[PDB]
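Okay, here we've got a single chain as structure tokens, the form deposited in one PDB entry, with questions on binding and movement later.
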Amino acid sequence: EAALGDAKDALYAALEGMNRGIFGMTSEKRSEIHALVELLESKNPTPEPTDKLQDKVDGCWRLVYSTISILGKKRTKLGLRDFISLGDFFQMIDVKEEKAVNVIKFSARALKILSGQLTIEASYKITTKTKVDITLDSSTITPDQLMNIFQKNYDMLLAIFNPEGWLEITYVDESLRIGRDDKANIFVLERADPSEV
């Protein structure tokens, strides 16, 4: 419970400048970050987290690290090189309604898109003491200005961020959440305010 603080501080220090891994990272930085993730998981202060979702998981989360990267042609077609900017990734968990929403923010100063987003609405059901099954309900891209940019690549963009499948909650404390999915991705998120989305 003391090494939790130090391990968290070390993880945040290692993430500085990494942009969450979303545009890749060097192998030695990934191995360090994954070792810190694994240490935190092994010391998870919230065993059987799906028994405790209301207190520990309900609410708004901001991605701080994941094994999702957008590189090469995918990055080019989505225009992330110079005209579109990939902003924050938020996941909202509504425990009383069994809903999970991913919001991926975009901005484009040239196109005066001050704020746009891909919104992915999903439902979940608890399956084990650690796992939920997630099903996609709907998605949208707003504003229409941003939709005109992504429409022909819509399904490929959706596929990057779709939380359809299952998610194992491997760590949660008052401020940090770690999960692993059915594709063996790792997602680390910190608590955020819903109004920040």
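Just count from 1 along the sequence shown to find any residue number.
The next section is about a form of this same protein that is not shown, the form solved in complex with a partner chain.
Colleague: Looking in the deposited complex, is the partner chain within 4.5 Å of a heavy atom from each of 127, 131 and 191?
Modeller: Checked in the deposited complex: no contact with the partner chain for any of the three.
Colleague: Just one of 176, 25, 186, 10 has a heavy atom within 4.5 Å of the partner chain in the deposited complex. Which one?
Modeller: Checking each option against the partner chain in the deposited complex, the one that comes within 4.5 Å is 25.
Colleague: At the 4.5 Å heavy atom threshold, is residue 76 in contact with the partner chain in the deposited complex?
Modeller: Yes, residue 76 sits close enough to the partner chain in the deposited complex that at least one of its heavy atoms falls within 4.5 Å.
Colleague: Is there a non-hydrogen atom of residue 149 within 4.5 angstroms of a non-hydrogen atom of the partner chain in the deposited complex?
Modeller: Contact check for residue 149: yes, within 4.5 Å of the partner chain in the deposited complex.
Colleague: Does at least one non-hydrogen atom of residue 96 fall within 4.5 angstroms of the partner chain in the deposited complex?
Modeller: No - in the deposited complex, heavy atoms of residue 96 and the partner chain never come within 4.5 Å of each other.
Colleague: Taking 4.5 angstroms as the heavy atom distance cut-off, pick the stretch from 50-58, 160-168, 33-41, 64-72 that is near the partner chain in the deposited complex.
Modeller: Careful reading of the contacts points to 64-72.
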